[PDB]
Amino acid sequence: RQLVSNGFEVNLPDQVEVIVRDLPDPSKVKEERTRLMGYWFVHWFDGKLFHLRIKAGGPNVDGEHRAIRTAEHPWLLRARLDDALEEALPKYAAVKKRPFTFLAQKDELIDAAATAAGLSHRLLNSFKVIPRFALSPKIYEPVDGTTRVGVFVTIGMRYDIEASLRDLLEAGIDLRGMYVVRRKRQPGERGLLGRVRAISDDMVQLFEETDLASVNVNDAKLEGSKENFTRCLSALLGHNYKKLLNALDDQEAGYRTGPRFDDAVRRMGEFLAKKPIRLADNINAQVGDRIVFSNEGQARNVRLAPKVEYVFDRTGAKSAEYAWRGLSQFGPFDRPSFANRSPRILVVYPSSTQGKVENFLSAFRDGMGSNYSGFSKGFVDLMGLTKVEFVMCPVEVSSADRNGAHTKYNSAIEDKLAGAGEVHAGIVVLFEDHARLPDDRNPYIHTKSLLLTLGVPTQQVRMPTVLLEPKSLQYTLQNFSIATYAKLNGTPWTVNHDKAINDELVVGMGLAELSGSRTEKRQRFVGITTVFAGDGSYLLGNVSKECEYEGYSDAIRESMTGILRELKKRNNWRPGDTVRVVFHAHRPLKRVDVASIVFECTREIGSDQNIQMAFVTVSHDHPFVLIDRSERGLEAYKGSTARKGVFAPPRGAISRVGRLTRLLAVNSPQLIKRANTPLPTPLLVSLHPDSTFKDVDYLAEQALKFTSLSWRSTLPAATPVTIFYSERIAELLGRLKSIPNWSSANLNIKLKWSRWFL
RNA sequence: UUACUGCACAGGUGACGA
DNA sequence: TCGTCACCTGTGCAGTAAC
Ligand SMILES: C[As](C)(=O)[O-]
Ligand SMILES: C[As](C)(=O)[O-]
Ligand SMILES: C[As](C)(=O)[O-]
Ligand SMILES: [Mg+2]
Ligand SMILES: [Mg+2]
Ligand SMILES: [Mg+2]
Ligand SMILES: [Mg+2]
Ligand SMILES: [Mg+2]
Ligand SMILES: [Mg+2]
């Protein structure tokens, strides 16, 4: 019946008395806040300046007096609540404001972890993990047309290495290459400094410097990254460092796991509710009960979408709750029509790895047998092919080569293909040490580039994967096979969808931001992905081949109008038919872009048909969490004491925050990885207010389904493929744009139906 | 770069207004 | 240029693979 949130009701006054000045230029605001400081809360909104009196006594303020009622204008007190929460928690210094964010005053988890594991080191006290709480006052709608303000509690961990760089050098951590940040953050200045090249007297030598090429040892510390933590502590702790991380994991789980998080939120509410919260001298707020999403009595705030069905035939008869279980039984969705039943696959690999690659290829093509039931059949039988023919392309290249690996791979590929006839796909095996080389000499990207140019999609793979123990390898090979099949134009599966209307197009856009280093400014690229409603299931459409960020809204507009035109020709819509277009992204579109997109599509389809249009943003990092106290979780593994996903809402749970907003649970206890995995965070789904199609519950469930459409993996994706695929495309095409001899010429020819971006 | 998941840090950025 | 509310994107490390 009920999903509990991480938020509490805030009992506010019905009305607050305010003073208003017209203030068209908002630049005067900062100085005016400063003048009236301590005595007035000041807030700029809609060309006017609102003043709420906090404390009797001057300065005085000229303006028009007005009663601001909370039910009608909750943004005023919501804003004041941001400041009042800080003032209500005086013993807690704000590490950030709006939302007020602060550290636990005592708890420090590295010390606690060292004690539980029985470790120690004279430098351990300089490594800190401190619980970090935030309090976000948020407007929500307990029912349509009525707003309220709630305070939402979130918890993270601050990682910080306060150790002097001098003390870390001795001994004997190699600080070279490590990123380093300012120790005191001057207001509005960058934290990042650069990487450590060397340290001498009192100065650090920086490369990839953000400003000055050197900084005093006293003004810099290591950035609190997991990388720096692991580098430092493994050097200091050696064999025992693993004991510390697992202990640290247990510690953090004591804050993050379902019942532990619910308890921590409970405890925070009790603390906040102990006294009134002072909105002004005269005016008090009161933190009340935990906010719930339920269906009682006038509220309709929670529902459970049905299980997504993975579908493997056009009749809908062959379906399954799980991708792999389904693919195992039925084979792929397009098995009866799949053209290339004898694919020829080029295999490019370092000559020294021959034996390992053959073992991998055999496992891949012919399976691992019934001792490894996750991948028994192998690619050929799995997909219902007749066979796979490998043309072996060894490369004389060693891992120690870091400057000429890519040229050796590409020369070998060119020489092999020149005499080998036609290949339909490639597998490229990479040394770990080459995987993350800069792009000008990175063999992943150069071989990707060359083969794509030639119209040959690739599935690449790093040697540590090639060398996985069999129990892990079987799962690797599931994901490898699915993506490879789709790279061969295959359609592994679809997801259930019933009719509803005459045609439905979903287009997504995704962003990548590329640079050669953290110091070089990131360049933006976009990708576009389309999905069509099919007979009884969704079908993946075509994909963008151009990636320029500038003019991206024209790109969306042209994609949609082009597609609508073709859909109409193809399907021959009858007068009165209804067509729906949905847009997905991780950010909202501009109102002006929505107007322009809606105008153009409406004009393109014309007046014979009805058109519905929705613009949706999918958010991951918001302050909302769902707790299902009825959920006991599952054993961490068969069949232990520990449980995983305790209190995790079922997948497909959808809660109403407001008219335009839903929370969508995606990670159920089954999908939750381990006992220490935190209570999952739902996706926030938000409808653009200018949308003409308004059913955000439908749109939330549609997003859920599209999460199951990913052919990169048997497990669902973190975000719908309309966005996810677009990000992968934008990143690849963005990187390829800088690789010499790259051409997109085959993306819409040989690769038009290839899912080359997986 | 089989992936999924989590987290951390860093960079900032988007949308709405006047 | 501004205020205001909000959260996105990149990178690296670790545990696990919906029955
Ligand atoms: C209907 As329910 C609160 O179990 O998602
Ligand atoms: C000690 As407390 C900030 O969780 O109330
Ligand atoms: C699949 As083979 C190259 O070991 O015959
Ligand atoms: Mg206090
Ligand atoms: Mg406790
Ligand atoms: Mg099998
Ligand atoms: Mg290697
Ligand atoms: Mg009508
Ligand atoms: Mg891939």
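Reminder, nothing fancy here: chain letters follow the sequence lines and each chain counts from 1. Because only heavy atoms are used, hydrogens play no part in the values below, and waters and symmetry mates are left out as well, while side chains stay in.
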Check the geometry between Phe480(A) and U2(B) and answer yes if their rings are stacked (centres below 5.5 Å, planes below 30°), otherwise no.
no

Please determine, for the side chain of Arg524(A), which listed nucleotide (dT9(C), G14(B), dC2(C)) has the closest atom?
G14(B)

At under 4.0 Å, does any side-chain N or O of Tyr322(A) touch on OP1 or OP2 of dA18(C)?
no

Would you say the base of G11(B) and the side-chain of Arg522(A) have a donor-acceptor pair closer than 3.5 Å?
yes

State whether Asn228(A) places a side-chain N or O below 4.0 Å from either non-bridging phosphate oxygen (OP1 or OP2) of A10(B).
no

Contact class for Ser710(A) vs. all strands (heavy atom < 4.0 Å): base, sugar-phosphate, or nothing?
nothing

For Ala483(A), report the nucleic acid contact type (base, sugar-phosphate, nothing); a contact means any heavy atom under 4.0 Å.
nothing

Assuming nearest nucleotide by heavy-atom distance, tell me which of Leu477(A) and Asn667(A) is located more 5' along RNA chain B.
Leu477(A)

Please tell me which of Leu430(A) and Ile672(A) maps to the more 5' nucleotide of RNA chain B, matching each residue to the nucleotide holding its nearest heavy atom.
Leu430(A)

Could I get the full list of side-chain contact (heavy atoms from CB on, under 4.5 Å) partners for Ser328(A), not counting sequence neighbours?
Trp324(A)

Who pairs with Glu731(A) by side-chain contact (heavy atoms from CB on, under 4.5 Å), at least two apart in sequence or on another chain?
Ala512(A), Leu514(A), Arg728(A), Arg735(A)

Charged N to carboxylate O under 4.0 angstrom, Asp82(A) versus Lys97(A)?
no

State whether the distance check finds a donor on one side and an acceptor on the other, under 3.5 Å, for side chain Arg735(A) versus base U1(B).
yes

Tell whether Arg98(A) reaches the base of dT4(C) with its side chain through a donor-acceptor pair below 3.5 angstrom.
no

What residues form a side chain to side chain donor-acceptor pair (under 3.5 Å) with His584(A), not counting sequence neighbours?
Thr722(A)

Return the orientation label for the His43(A) and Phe41(A) ring planes: parallel under 30°, perpendicular over 60°, tilted otherwise.
parallel

Using 30° and 60° as the class limits, which term best fits the ring planes of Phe583(A) and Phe615(A): parallel, tilted or perpendicular?
tilted

Under the side chain to side chain donor-acceptor pair (under 3.5 Å) rule, collect the residues that match up with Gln460(A), sequence neighbours excluded.
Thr447(A), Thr458(A)

Counting Watson-Crick and G-U wobble pairs whose two distances are both under 3.5 Å, find the runs of 3 or more in a row that involve RNA chain B.
B:2-17 with C:2-17

Taking only residues two or more places apart in sequence or in another chain, which ones pass side chain to side chain donor-acceptor pair (under 3.5 Å) with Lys590(A)?
none

Looking for any heavy atom pair under 4.0 Å, which part of the strands does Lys307(A) touch: base, sugar-phosphate only, or nothing?
nothing

Within the modelled atom types, does a donor on one side and an acceptor on the other bring the side chain of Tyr637(A) and the base of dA17(C) under 3.5 Å apart?
no

Under 4.0 Å: is that the gap between some side-chain N or O of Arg78(A) and OP1 or OP2 of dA6(C)?
yes

Starting at the 5' end of DNA chain C and moving along, which residue's nearest nucleotide shows up first, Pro623(A) or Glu321(A)?
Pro623(A)

Output the residues of residues 583-594 of chain A in contact with DNA chain C, where contact means a heavy atom of the residue under 4.0 Å from an atom of the strand; sort by number or write none.
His586(A), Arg587(A)

Let me know, please, whether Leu671(A) or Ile139(A) comes out on the 5' side of the other along DNA chain C by nearest nucleotide.
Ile139(A)

Name the nucleic acid region contacted by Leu758(A), choosing base, sugar-phosphate or nothing; use a 4.0 angstrom heavy-atom cut-off, strictly under.
sugar-phosphate

Across the strands shown, which category fits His622(A) at heavy-atom distances under 4.0 angstrom: base, sugar-phosphate, nothing?
sugar-phosphate

side-chain contact (heavy atoms from CB on, under 4.5 Å) with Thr465(A): which residues, sequence neighbours excluded?
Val461(A), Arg462(A), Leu468(A), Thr476(A)

Which residues pass the side-chain contact (heavy atoms from CB on, under 4.5 Å) test with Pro678(A), sequence neighbours left out?
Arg256(A)

